[PDB]
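Structure first, commentary second.
FYI the Cβ positions are ideal-geometry reconstructions off the backbone, even for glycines, and counts take in every protein chain you see. Please treat every number below as a calculation from the coordinates, not as lab data.
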Amino acid sequence: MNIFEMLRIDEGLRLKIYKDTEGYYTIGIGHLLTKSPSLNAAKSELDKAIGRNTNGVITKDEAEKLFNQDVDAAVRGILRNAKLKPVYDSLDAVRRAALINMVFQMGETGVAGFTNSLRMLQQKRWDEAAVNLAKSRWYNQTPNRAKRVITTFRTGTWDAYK
C-alpha cells in the first residue's frame, strides 16, 4: 500500500465529468475542476488541464497524469505551508500518507486550519488526535473516508485500507 493506491481507493476513477461529494464538477481520480455550478466552466477547466478540446471525457492515461500532478501538488502544498510542514516532518511514512490524503481532499488551507488536531499529531497523542479529528465538518460529510484516514493516524498502519 502507498499514497497513490490509498487515494485511488478513496477517490475512485471516472473518465467523464461528474460531481464529487460536495456537488462540484470533478473528473478522473478525484480531480476537482471547479466549484462553479456551470458545466461549461467545468469543461473549460478540463480542456485547459489536459491541453486539448475534450468532450468532457478523458482517457485513463490522462486521468493518471492529473493524479500524479495532484499528488505532487498536495505534497508541495504541505511542504510550503508553515503549519503543515512541521507536522509532516514529525510523522512516520504511513501517517505522512494520511496527511497527504487530507490535503488532496480539502486543500492546504483547509488542513492547515486543523490547528488543534495538528498539534496533537505532532505530540504523537494518537487516540486524542483521532477523537479531535472526528469533531469536524470533514468527518461528518465523509465519515467512512474520514474514519479510514483517522484510523491510519491512530494506528500508523494500513489496516483501514487492507
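Results, tabulated for the structure shown:
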{"quantity": "Cα pair distances exceeding 18 angstrom across region 1-59, given as percent", "calculated": "32"}
{"quantity": "Fewest-first sequence of 159, 10 by Cβ atoms within 10 Å of each Cβ", "calculated": "159, 10"}
{"quantity": "Tilt relative to the chain, helix 93-112 - C-alpha long axis, 0 to 90 degrees, to 10", "calculated": "60"}
{"quantity": "Size of region 80-156 as Cα extents on the principal axes (Å, biggest first)", "calculated": "27, 24, 20"}
{"quantity": "Given 60/85; 35/85; 19/43, the pairs whose alpha carbons are separated by over 22 Å", "calculated": "60/85; 35/85"}
{"quantity": "Cut-off 11 Å between beta-carbons: net charge of the residues surrounding residue 149, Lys and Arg +1, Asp and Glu -1", "calculated": "+4"}
{"quantity": "Region 60-73 - phi-based ³J(HN,Hα) in whole Hz, Karplus 6.51/-1.76/1.60, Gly and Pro as x", "calculated": "4, 4, 5, 4, 6, 5, 4, 4, 4, 4, 6, 5, 4, 5"}
{"quantity": "At most 13 other Cβ within 10 Å, DSSP loop - trypsin sites (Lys or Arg not before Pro), region 39-135", "calculated": "52, 80, 124, 125, 135"}
{"quantity": "Gaussian network model of the chain, Cα within-10 Å springs - most flexible of 51, 113, 30", "calculated": "51"}
{"quantity": "Calculated P(r) tail over 21 Å for the chain, as whole % of Cα pairs", "calculated": "47"}
{"quantity": "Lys/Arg +1, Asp/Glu -1 at C-beta; the chain dipole; positive extreme among 40, 140, 153", "calculated": "140"}
{"quantity": "Residue-wise HN-Hα coupling along region 3-12, computed from phi with Karplus coefficients 6.51, -1.76, 1.60 (Hz; x: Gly, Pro)", "calculated": "4, 5, 5, 4, 5, 4, 5, 6, 9, x"}
{"quantity": "Under Karplus coefficients 6.51, -1.76 and 1.60, residue-wise ³J(HN,Hα) of region 18-28 in Hz, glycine/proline x", "calculated": "8, 9, 7, 5, 9, x, 9, 4, 9, 8, x"}
{"quantity": "Debye, to nearest 20: dipole size of region 1-59, +1 on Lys, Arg Cβ, -1 on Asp, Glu Cβ", "calculated": "260"}
{"quantity": "Relative contact order of region 1-59, defined on C-alpha pairs under 8 angstrom at six or more residues apart (%)", "calculated": "25"}
{"quantity": "Residue 34 long-range amide H proximity, modeled H, under 5 Å", "calculated": "25"}
{"quantity": "Length-normalised contact order for the chain - Cα pairs under 8 Å, 6+ apart - percent", "calculated": "17"}
